[PDB]
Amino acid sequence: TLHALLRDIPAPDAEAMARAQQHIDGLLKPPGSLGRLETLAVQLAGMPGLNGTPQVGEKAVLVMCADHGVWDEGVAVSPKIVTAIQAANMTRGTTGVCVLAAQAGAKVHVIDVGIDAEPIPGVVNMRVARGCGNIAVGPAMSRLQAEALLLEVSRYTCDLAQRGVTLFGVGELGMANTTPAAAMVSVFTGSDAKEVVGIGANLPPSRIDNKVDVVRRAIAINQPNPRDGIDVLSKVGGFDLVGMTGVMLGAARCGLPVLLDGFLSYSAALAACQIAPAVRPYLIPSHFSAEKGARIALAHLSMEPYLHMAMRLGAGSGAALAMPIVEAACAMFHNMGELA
């Protein structure tokens, strides 16, 4: 059950962490001089699915794909079918995340959680419905649909471990998805909509006030409770955002690391950590998204990304680009010599 999953996420292993820190401090360098590589190695050492040491085996980027009813509000410049076209392109290896994942030695798992099109052969089918409800007039979904998809995606994630995967990355695809993301950041952080609504996929600036108004309307109509992250997801999120939260919950349940992507992912991470604070030690930032609301979301997660790429592609591309940073931390730990 989902209550049992949340309950059973392990604490980080303090003993393992202390053993890793003592190891690091004895390496061939001034103490502390590898900076956040050192801290990342210790962070990884405490994740129980890594068996007491910083290591990377297989890598998986899980790309959650869905359509959104709020597309009808005029908040996205791209036509709705682009979600389906780009999900199919993911199965061919031609998208940004595909190419970056291949550089990293990672596999991309393309997951349809609610595309408004016929199912695409080759994509993993977890579809809740053909797009979620339009958040400007009512909820994205029912509470039950959100909890079922959390549990499904969490189980899928953990099951990859059972297959060799030690490091996850999250991403999404869905036209209009930066609207619900902004809604959820506004709810969880207490920030006004204006502070967290961006251009998404090159929305013209002339259309920004409409998008702010839509966010505020979604919130006012649905009255999401910020102390119930499931409620927030269900009311003002989307199936893609639920899916990403699910990957985070499942990785945490398996005691394994998950790399965030950009702003969409930060909104899902705010939900995951409200739902289960025990998720937080498993999350690793990648990059600092170019979306307006990035800073605020990151501040609330107490996260400082490694990469400043002015990226806003999504779909997991940042996560993939950071996987060699994680591998680097593990290589430093295992392969450096010792001062003594």
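We number the residues from 1 along the sequence you see.
When the C-alpha B-factors of 261 to 269 and 79 to 87 are averaged, 79 to 87 comes out higher. Once the C-alpha B-factors are averaged per stretch, 69 to 77 and 113 to 121 rank with 69 to 77 first.
Each of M244, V99, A220, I208 has a CA temperature factor in the record; the biggest one is found at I208. Taking the deposited Cα B-factors for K194, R143, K107, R127, the highest one is held by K194. Sort the chain's modelled residues by C-alpha temperature factor and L149 lands in the middle third, per the entry. Annotation for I230: C-alpha temperature factor in the middle third relative to the rest of the modelled chain, per the entry.
Residue-level temperature factors show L321 in the lowest third of its chain, judged at the C-alpha atom. The deposited CA B-factor of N202 belongs to the highest third of values across its chain. Placement of the Cα temperature factor of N51 within the chain: middle third of the modelled residues, per the deposited record.
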